[PDB]
Amino acid sequence: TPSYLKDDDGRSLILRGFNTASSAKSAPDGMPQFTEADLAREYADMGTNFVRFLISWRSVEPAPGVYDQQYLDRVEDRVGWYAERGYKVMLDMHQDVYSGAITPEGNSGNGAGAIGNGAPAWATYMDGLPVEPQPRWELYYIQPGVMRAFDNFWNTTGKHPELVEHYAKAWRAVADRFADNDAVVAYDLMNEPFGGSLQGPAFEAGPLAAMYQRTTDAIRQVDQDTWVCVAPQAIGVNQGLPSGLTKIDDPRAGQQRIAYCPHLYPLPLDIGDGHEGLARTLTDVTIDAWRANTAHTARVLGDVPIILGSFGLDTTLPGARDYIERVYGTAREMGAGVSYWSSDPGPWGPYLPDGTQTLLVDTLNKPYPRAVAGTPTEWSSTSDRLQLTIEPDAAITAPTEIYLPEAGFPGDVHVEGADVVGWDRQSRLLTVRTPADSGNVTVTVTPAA
Ligand code: NA
Ligand code: NA
Ligand code: NA
Ligand code: NA
């Protein structure tokens, strides 16, 4: 059965939010094009309680050994917006195709970029190997200069043992700033690791795991309590193949706080431009295969919690809502958190460029338990109902906290199996208390007559 991240009250967290935001990748100041008013809109429309907040190595460490505390001030400012609205934050050290420094035309400055993004220019060593224009961005991964930049980072070439050490110490700098931040729950060490010339389990169990171990150790010099979240290699594994990632040791006193944060991008959904016919058949197989592989690696890592850190699609495609609902149902059964890709404007996201909602908003805006006083064994919801079964824990005194959308709960609530402590119609938060002396408790929440 699944394991959960916990809040300071000991409640088990069911995490629902977005990646915010891809616009940070190219921004000179490292910040997403996302305001406090945008967060208020998100919360009002969907009741989210989590964010995978994109940060970047190029912003943390713009020159070797010279950390930018002003950038960290900016991150802290945004984290405060989230804190004020009761969100938990996972910071993602984000890259795609290594760096903006992989081409001159795509480099928005010092490794920032709209396509390639992440590492600072000083950490990018392509050794003069070419990077030719490609018709979709993912193809840059296999261009010679990008492959070489990764091979140098992982020190496959033997020429750059320092780069992983810089990466680990950049994470330590972030962790030193955020250790005492009560809204931060997780550090996602690297978006979509790619091995370059080294592929599969030899990469994952070799230099990838070694970087995760070094970085975990560095973070634990300054932060004992934040969950350290590790990803498999993305290529193949995103598409349903197994990971060879191996266990990371957590030097913290007591129980380990490592979590697993894989992504889900079925190939048939992409190539088929939607979720109908044989593409749907094969995407459903992918989801199920992915679930089994994800559960396996989460066991290997020490029976750890899971966060689906990224998944998404163009919501206008045939079958999109069915796909989204399938993924969220799977995450629910797995006890997984979810950060959807992404909050950015356009048909993948919740809002179009003019601020109009896509179908994503209504799809995501469902009741869910946010923080449960005990282990949630099973739950379900529809627009106007939620049911939740809880394995009791008498040590927890904080109430179970549940989001109820206005759409289905226009007035008061009726709760079977628990006492209502609070029903805040402004914040949309229901708080309930359940007995801890009668075994597993089932709570059913419906609109008042
Ligand atoms: Na900058
Ligand atoms: Na460079
Ligand atoms: Na924290
Ligand atoms: Na340990």
Side-chain angles (χ1 to χ4, degrees), residues 3 5-11 13 15 23-33 49-63 66-80 82-84 86-91 93-94 99-101 107-114 117-123 170-171 173-188 209 212-213 215-230 246-259 300-305 307 337 371:
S3 293
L5 283 74
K6 297 185 162 14
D7 65 20
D8 276 341
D9 302 297
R11 295 179 294 190
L13 295 168
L15 296 166
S23 57
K25 294 169 176 182
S26 58
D29 73 354
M31 289 297 101
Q33 289 180 359
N49 74 344
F50 181 55
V51 60
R52 181 169 183 244
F53 188 87
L54 278 66
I55 65 166
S56 62
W57 185 17
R58 61 91 184 178
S59 293
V60 174
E61 195 181 11
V66 189
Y67 307 119
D68 186 356
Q69 296 297 331
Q70 191 179 52
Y71 169 64
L72 298 179
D73 290 345
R74 294 189 292 274
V75 178
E76 184 172 38
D77 178 67
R78 275 53 170 186
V79 169
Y82 285 100
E84 180 180 1
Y87 285 75
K88 303 306 180 187
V89 174
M90 180 161 81
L91 298 177
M93 194 74 72
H94 197 94
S99 180
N107 188 349
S108 294
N110 208 37
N117 68 97
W122 63 260
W171 258 118
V174 176
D176 203 11
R177 174 65 72 98
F178 290 99
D180 295 340
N181 195 307
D182 64 19
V184 175
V185 296
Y187 299 139
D188 180 355
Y212 289 156
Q213 187 63 71
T215 300
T216 296
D217 292 347
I219 287 171
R220 291 285 184 251
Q221 294 173 13
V222 300
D223 181 339
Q224 305 310 304
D225 294 338
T226 305
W227 270 263
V228 172
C229 300
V230 296
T246 50
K247 187 173 186 178
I248 306 308
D249 296 326
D250 190 339
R252 77 186 299 272
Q255 294 177 357
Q256 303 229 139
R257 289 189 178 185
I258 306 303
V300 169
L301 292 169
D303 303 310
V304 307
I307 300 172

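Numbers for residues simply follow the sequence, beginning at 1. Both counts, for ligands and for their atoms, begin at 1 and track the order of listing. Hydrogens, waters and symmetry mates play no part in the numbers below; they use all other heavy atoms, side chains included.
Using cut-offs of 30° and 60° on the angle between ring planes, the pair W171 and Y187 is tilted.
With 3.0 Å as the limit, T226 does not count as an N, O or S neighbour of the Na ion (ligand 3). The Na ion (ligand 3) has no N, O or S atom of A183 under 3.0 Å away, backbone or side chain. Because the distance cut-off is set at 3.0 Å, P28 qualifies as a neighbour of the Na ion (ligand 1) through one of its N, O or S atoms.
The OG1 atom of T216 sits 11.0 Å away from the CG atom of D223 when rounded to the nearest 0.5 Å. Taking CG of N117 as the reference point, atom CG of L54 lies at 8.0 Å (rounded to 0.5 Å).
In this structure, O of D250 and OE1 of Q256 enclose an angle of 90° at the Na ion (ligand 4), rounded to 10°.
Of the residues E76, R177, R74, the one that meets the side-chain hydrogen bond (donor to acceptor under 3.5 Å, both in side chains) test with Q69 is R177.
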